[PDB]
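# Survey of secondary and tertiary structure
These are the residues of each chain, in order.
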Amino acid sequence: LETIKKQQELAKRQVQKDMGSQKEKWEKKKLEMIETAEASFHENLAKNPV
Amino acid sequence: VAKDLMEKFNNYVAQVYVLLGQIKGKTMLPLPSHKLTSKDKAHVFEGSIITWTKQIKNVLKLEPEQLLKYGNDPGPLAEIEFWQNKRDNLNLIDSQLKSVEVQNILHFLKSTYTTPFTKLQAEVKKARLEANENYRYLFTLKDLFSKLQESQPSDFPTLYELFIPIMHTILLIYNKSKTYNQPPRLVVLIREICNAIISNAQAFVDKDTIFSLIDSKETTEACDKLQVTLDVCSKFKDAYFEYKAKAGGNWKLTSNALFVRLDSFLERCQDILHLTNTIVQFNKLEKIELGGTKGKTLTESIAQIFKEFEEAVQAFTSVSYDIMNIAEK
């Protein structure tokens, strides 16, 4: 019962201890910068042939 | 039969040149061309071998490679790069084939000639289409290089992030070429491309490793890792829909039949994940010792229940065939 009560305490932390405010938005901003980089690379690949 | 045997020898030299092109890279039409010709039946035989050359170009397709497994993002790019090289050589060979002598042969009896000339102009146009497909294939060969390079370690964590931009490049590829021949057929290749790639990445993260983890039954996080792998796939389908909106019309894809190969993999994956989570549950059940009221008789009943489970998970660990193979039912 004590080991399971300890797991519940550790479980509350694991959920809301490693939890950080604004996570999905930061991932979307990282994706946007990669999309712009790929867009610049395809333009450079268009300029090579042309 | 001296001249007939010389004709039998020439056809042998053509078939050897066809065998050369099989191992090497086509160029049958050049070897079909008669060498040091001086009657009218001989110049006709030269044209008939030129006929089977045009047939080899039309015979080759992007769909037939997709039929016999494969369909890798690197493989399909290389198949257009090999096709565009074969037609470019055939166009260069056509310039040598179209000799002042070969023109006079077509004049002296002619619908055999113009059908070979018509197929040539069709090849020259399809080659112009192939060259734009090659420029598109060259960009996908860099995208496939990002995936092919992967040593089956992590990847899916960053590749789920790297997928959205890989899609955003493909969309821009549609607009840039404009006259891109087979724009609805090339979509079936790109989707099969991402398809084969995911299957390879997925086969790595499970296989004997998943069987080995289930065996020990001391791995819960590894089960969660499998769900993360499936999430990476979901991100690719989400980005595919996120690109379909970004495209704004001419979505095409036909994922509801094409992605079935991918969907069927994820279904089997999810079905394991559903059963793996339950296996982690039953492990906890053994440890439980409620101790309440009437005793032993209940824990004995729980023990027999745990033994039945231990027989089932031992039979699952056998992993006879399986190895997360979608194609296997």
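Residues numbered from 1 in each chain as written, not as in the entry; some residues may be left out. Chains lettered and ligands numbered in written order. Part of a larger assembly, values for the part shown. Heavy atoms only, no water. Residues with missing side-chain atoms left out of burial classes, pairs and counts.

Structure determination for this entry, per the PDB record, employed cryo-EM and reached 4 Å resolution.

If you check the PDB entry, chain B appears there as Outer arm dynein beta heavy chain from Tetrahymena thermophila. Under its PDB record, the entry appears with the title "Structure of outer-arm dyneins bound to microtubule with microtubule binding state 1(MTBS-1)".

### A short note on the overall build of chain B
Within chain B, the regular secondary structure consists of 13 helices and 0 strands. Sequence-ordered secondary structure for chain B, helices as α and strands as β, is α-α-α-α-α-α-α-α-α-α-α-α-α. Over its C-alpha atoms chain B spans a radius of gyration of 30 Å, topping by over 25% the 20 Å that the globule rule assigns to 329 residues. Seen along its three principal axes, the alpha-carbon backbone of chain B occupies a region of about 110 × 50 × 30 Å. (Helix = DSSP H or I, 4+ residues; strand = E, 2+ residues; numbered from the N terminus. Rg over C-alpha atoms; globule rule 2.2 N^0.38 Å.)

### Considering the overall build of chain A
Tallying secondary structure elements over chain A gives 2 helices and 0 strands in all. Each of the three principal axes of chain A carries a C-alpha extent, and together these read 70 × 20 × 10 Å.

### Describing the interface of chain A and chain B
In many reports, interface size means the accessible area that the parts give up when they come together. Contacts between the two partners involve 7 residues from chain A and, on the opposite side, 8 residues from chain B. Looking at the side of chain A that touches chain B, the element that brings in the most residues is helix α2 (residues 24-47) of chain A, giving 6 residues. When grouped by side-chain class, the residues that make up the side of chain A that touches chain B number 3 nonpolar, 2 polar and 2 charged. (Contact = heavy atoms within 4.5 Å. Nonpolar A, V, L, I, M, F, W, Y, C, P; charged D, E, K, R; others polar.)

### Quick word on the packing of helix α7 (residues 156-177) of chain B against helix α10 (residues 221-247) of chain B
Residue and element names in this part refer to chain B. Two numbers describe how α7 lies on α10: the axes approach to 9 Å, and their chain directions differ by 15°. The angle between α7 and α10 places the two elements in the roughly parallel class. Every pair of crossing elements has a handedness; the one defined by α7 and α10 is right-handed. In contact with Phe 156, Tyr 160, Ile 164 and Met 167 of α7, α10 contributes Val 232, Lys 235, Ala 239 and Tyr 243. (Axes fitted to C-alpha atoms, helices over the stretch in contact; angles between N-to-C directions. Parallel < 35°, antiparallel > 145°, perpendicular 65-115°, else oblique. Left-handed = near helix turned anticlockwise from the far one by under 90°.)

### Regarding the packing of aromatic side chains
Each pair of aromatic rings is reported with the distance of its centres and the angle of its planes. All names here are of chain B. Measuring from centroid to centroid gives 5.0 Å for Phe 282 and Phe 309, while their planes differ by 55°, and the two rings are tilted. Within this pair, whereas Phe 282 is found in helix α12 (residues 260-287), its partner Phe 309 is found in helix α13 (residues 297-317), the two being separated by 27 residues in sequence. On the numbers, 5.4 Å between centres and 65° between planes, the contact of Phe 306 with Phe 309 is edge-to-face. In this pair, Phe 306 and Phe 309 are both assigned in helix α13, 3 residues apart and thus about one turn of the helix distant. (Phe/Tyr/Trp six-rings, centres within 6.5 Å; stacked < 30°, edge-to-face > 60°.)

### Thoughts on unusual backbone geometry
A positive phi angle is found at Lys 26 of chain B, which is not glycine, with a value near 55°. Among the secondary structure elements, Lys 26 of chain B is positioned in the loop between α1 (2-23) and α2 (41-59).

### Considering the environment of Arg 261 of chain B
Residue and element names in this part refer to chain B. Structurally, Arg 261 can be placed in helix α12. For the pair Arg 261 and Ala 196, spaced 65 residues apart in the sequence, the C-alpha separation amounts to 9.2 Å. If we ignore the near neighbours within four places in the chain, the residues touching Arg 261 are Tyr 70, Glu 192, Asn 195, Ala 196 and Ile 326.

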